[PDB]
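Chains as they are written, first to last, in the working numbering: chain A, 1 to 129; chain B, 1001 to 1051; chain C, 2001 to 2121; chain D, 3001 to 3048.
Note that CB positions come from ideal geometry on N, CA and C, so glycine has one too.
Just below is one structure, and these are the notes that go with it.
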Amino acid sequence: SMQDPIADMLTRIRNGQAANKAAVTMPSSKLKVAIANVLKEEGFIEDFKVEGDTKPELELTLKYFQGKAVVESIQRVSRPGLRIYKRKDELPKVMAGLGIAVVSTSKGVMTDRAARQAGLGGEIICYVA
Amino acid sequence: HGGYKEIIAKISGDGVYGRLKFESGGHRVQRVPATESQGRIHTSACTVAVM
Amino acid sequence: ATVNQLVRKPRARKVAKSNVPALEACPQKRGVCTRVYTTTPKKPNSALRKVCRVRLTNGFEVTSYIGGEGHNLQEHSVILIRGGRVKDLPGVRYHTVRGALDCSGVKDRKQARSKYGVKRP
Amino acid sequence: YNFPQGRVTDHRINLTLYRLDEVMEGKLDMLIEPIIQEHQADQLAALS
RNA sequence: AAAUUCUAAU
RNA sequence: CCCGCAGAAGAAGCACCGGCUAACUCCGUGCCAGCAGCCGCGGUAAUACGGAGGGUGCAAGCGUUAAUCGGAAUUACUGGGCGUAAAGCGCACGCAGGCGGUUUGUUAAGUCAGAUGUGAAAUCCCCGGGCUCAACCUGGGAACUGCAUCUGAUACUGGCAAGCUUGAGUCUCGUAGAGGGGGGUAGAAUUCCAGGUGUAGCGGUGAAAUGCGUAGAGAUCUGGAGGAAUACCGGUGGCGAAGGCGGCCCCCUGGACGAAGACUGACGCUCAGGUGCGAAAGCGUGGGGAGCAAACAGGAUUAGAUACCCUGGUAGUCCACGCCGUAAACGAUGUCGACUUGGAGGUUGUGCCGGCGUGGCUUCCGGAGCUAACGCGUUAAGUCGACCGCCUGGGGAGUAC
Ligand SMILES: [Mg+2]
Ligand SMILES: [Mg+2]
Ligand SMILES: [Mg+2]
Ligand SMILES: [Mg+2]
Ligand SMILES: [Mg+2]
Ligand SMILES: [Mg+2]
Ligand SMILES: [Mg+2]
Ligand SMILES: [Mg+2]
Ligand SMILES: [Mg+2]
Ligand SMILES: [Mg+2]
Ligand SMILES: [Mg+2]
Ligand SMILES: [Mg+2]
Ligand SMILES: [Mg+2]
Ligand SMILES: [Mg+2]
Ligand SMILES: [Mg+2]
Ligand SMILES: [Mg+2]
Ligand SMILES: [Mg+2]
Ligand SMILES: [Mg+2]
Ligand SMILES: [Mg+2]
Ligand SMILES: [Mg+2]
Ligand SMILES: [Mg+2]
Ligand SMILES: [Mg+2]
Ligand SMILES: [Mg+2]
Ligand SMILES: [Mg+2]
Ligand SMILES: [Mg+2]
Ligand SMILES: [Mg+2]
Ligand SMILES: [Mg+2]
Ligand SMILES: [Mg+2]
Ligand SMILES: [Mg+2]
Ligand SMILES: [Mg+2]
Ligand SMILES: [Mg+2]
Ligand SMILES: [Mg+2]
Ligand SMILES: [Mg+2]
Ligand SMILES: [Mg+2]
Ligand SMILES: [Mg+2]
Ligand SMILES: [Mg+2]
Ligand SMILES: [Mg+2]
Ligand SMILES: [Mg+2]
Ligand SMILES: [Mg+2]
Ligand SMILES: [Mg+2]
Ligand SMILES: [Mg+2]
Ligand SMILES: [Mg+2]
Ligand SMILES: [Mg+2]
Ligand SMILES: [Mg+2]
Ligand SMILES: [Mg+2]
Ligand SMILES: [Mg+2]
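Right, dumping it as structure tokens:
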């Protein structure tokens, strides 16, 4: 059964980018919306939008720079079978800072350097770089 | 193929054992066998007993 | 393996046993020669290797190799043995320490003397 | 007996000879006499 | 349609 | 510790030189003597054995043996695998356990931040000092990744309360099918029995012979008995969780799929122990026995033939009940869910106007991608998530206790 919607969202984005699709559409949720907002502000997607009321649908627009996907790798970390939480002083760095990591801290879902500025830790969602 | 796997014979005369008592042992031969497809050299041995 | 499967049953490590058990974690042992003889190696080598059957001080009964050219060993002689396996000899697992209690160094040996217990001339 | 070299050698007295063709023809009296000699000096020497 | 085998040093 | 005295006067060895590994020639022996950590040297022209000359590496030390970690990603938490190299239970149900679609409120258990107490000294690391330097001694700091308490945060996980319909399930109509259990019946054919006609062969093989026949065989015709299996249809066609299921008719019965409408509201997925099903052979009791056919007998072939070939033939194959629990039980590919270009078919539903769509199952080719390669390729061996099973060189051995 579907025991991980976030990993499904990541897989949908990966399979869309690898297949040179123009957009990816999926069922919506608050945590997915937060992750999509982080991705859009960090520049890995063009835009996202949610439509509908009873069964909301979230769609993302993928972006390609030189006819190739902007996002190279994206991998879920804190899977349901094993959760990962880290302190502020040991937040991970991806590609020596070139990439980003998404962390949910007590102030919301944000990046890793933003949480370092805030001096907060939390649960790591994924490594995207 | 060739000779004997074992031969036992009797030698009779005057002075026999006093001259054939030193042949009891092993005798080694190094040569190209007749039963040889290639041209390899082979080492083999035989055992001799004088009583 | 799943992390759950590993939590229920962790990984095991190879025992990695020893190959000189008669020494019992001792660099050398002392023994008595009950039989001195010769033996023939495996394919393809061919010689008449000199070995000995030795009873140690802990009760073990093993076979040892006598290196060098010529030895003065015989039955009822006490010797010192150490580890080391002769490959083409099946069953030999130890080496006789030359220069020990009742075995003398190789006569007229001017090279690698310390390995055969010969005094410097 | 080495046929490639035609050499017959005796290890008991360390005596090598290059007359194998004669030896294989029943002329081994040139092989047994040197042994008997060495077998007799011991017999006199073994008198103690 | 019959029909076994080729030891051991290049 | 300092000064003076006489004299270079008292003071260098060990291992190695074929490759891995820095460093080569001569003589002796001739698979002998011997060397070896792994490949491997030595058979009368040895850079590998022994000696000499030369060189290389450490040096008051040098080598060997024993023990531990590393290399070994070779137990893979960091950080491995299971189509063919070792490795998916024969299949399914299911308790404990592991995991959990979406919204709101509340709690602060997990998680995070700060503060406090504690984490003996020595040791380790950093900045300095003292022995003529060093080893050594020592001043100060850093560290001891931990534990407990107090105060805060509510994004994610958990608890409680209320919901929602998309996962899951129920109801109405219909369809296809060797799905299962029991009973009845039909036709062809083999065998046996009785009788008619008829006379010298029948059968079998590469060729023969054993065998049957003048006591009338084989052939042909008529009547009867009993047992087993269902020609054509028939098709990489259909059904079933797997094993498996094939004449026709009836009775009881499981599942799947499709078109619309209504209903419950997370009731779900996986599953160690446990439980049930499970080809053929085999076992116990009681029946049945046409054909076939282990064991057995005879005749051929052969150097021999305890076989292949021929003539016969008993258990067994069949039925009822009860055991057994194994297969190359194979797609050598565990179950569930999501995402990702195409083409040619087969089978079974439904909507619209011979054409245009939309579901289920199934065969072949092939793109990206993956693989050691062969190959797989929307029914993945591609990209992910949850749970279970299994593997760690070849024999010994799926063997002993
Ligand atoms: Mg034979
Ligand atoms: Mg051969
Ligand atoms: Mg070199
Ligand atoms: Mg050496
Ligand atoms: Mg030479
Ligand atoms: Mg040498
Ligand atoms: Mg040399
Ligand atoms: Mg390791
Ligand atoms: Mg090791
Ligand atoms: Mg792992
Ligand atoms: Mg492996
Ligand atoms: Mg195999
Ligand atoms: Mg295998
Ligand atoms: Mg299977
Ligand atoms: Mg189940
Ligand atoms: Mg739970
Ligand atoms: Mg807390
Ligand atoms: Mg804290
Ligand atoms: Mg301390
Ligand atoms: Mg909650
Ligand atoms: Mg809760
Ligand atoms: Mg049916
Ligand atoms: Mg039926
Ligand atoms: Mg008749
Ligand atoms: Mg089917
Ligand atoms: Mg199945
Ligand atoms: Mg039915
Ligand atoms: Mg309702
Ligand atoms: Mg079970
Ligand atoms: Mg049966
Ligand atoms: Mg029976
Ligand atoms: Mg019976
Ligand atoms: Mg019968
Ligand atoms: Mg027979
Ligand atoms: Mg028959
Ligand atoms: Mg019969
Ligand atoms: Mg039965
Ligand atoms: Mg099995
Ligand atoms: Mg099968
Ligand atoms: Mg299998
Ligand atoms: Mg799937
Ligand atoms: Mg294909
Ligand atoms: Mg897969
Ligand atoms: Mg593979
Ligand atoms: Mg093993
Ligand atoms: Mg058994």
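On the DSSP bridge list, what partners appear for C:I2081? C:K2029, C:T2096
How would you label A:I45, buried or exposed, when you count the other beta carbons within 10 angstroms and need 16 or more for buried? buried
Taking the C-alpha atoms as reference points, what is the distance between B:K1005 and B:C1046? 10 angstroms
Work out the CA separation of A:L31 and A:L120 for me, nearest whole Å. 19 angstroms
Terminal residues of the continuous beta strand (DSSP E) containing A:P27? 23-27
Return the bridge partner residues of C:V2054 from the DSSP annotation. C:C2033, C:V2062
Report all residues from its chain with a CB closer than 7 angstroms to the CB of residue 2981 of chain D; omit the five preceding and five following residues, and keep chain order. Shown here, chain D extends from 3001 to 3048; a query on residue 2981 of chain D therefore has no answer.
Rounding to the nearest angstrom, what Cα-Cα distance links A:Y85 and C:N2019 in this structure? 47 angstroms
Measuring CB atoms only, is the segment 103-112 of chain A touching the segment 32-40 of chain A, in the sense that at least three cross pairs come out at less than 8 angstroms? yes
Would you say D:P3004 faces chain B, with C-beta separation under 8 angstroms as the test? yes
Could you run through the segment 3030-3048 of chain D and flag, in chain order, every residue whose CB is less than 8 angstroms away from some CB of chain B? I3032, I3035, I3036, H3039
According to DSSP, which residues form a beta bridge with A:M110? A:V103
Suppose you measure from the CA of A:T25 to the CA of A:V77; what does that come to, to the nearest Å? 23 angstroms
The segment 3006-3020 of chain D: which residues have C-beta closer than 9 angstroms to a C-beta of chain B, in chain order? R3012
With a Cβ-Cβ cutoff of 8 angstroms, do C:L2101 and C:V2078 count as a contact? yes
Proximity to A:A19 [Cα-Cα], best of A:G67, A:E57, A:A7: A:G67
Please state if the CB of C:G2083 and the CB of C:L2023 are separated by a distance shorter than 8 angstroms. yes
Against chain D: residues of the segment 1027-1039 of chain B by CB proximity under 9 angstroms: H1027, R1028, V1029, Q1030, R1031, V1032
When you compare the CB of B:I1007 with every CB in chain D, is at least one pair closer than 8 angstroms? no
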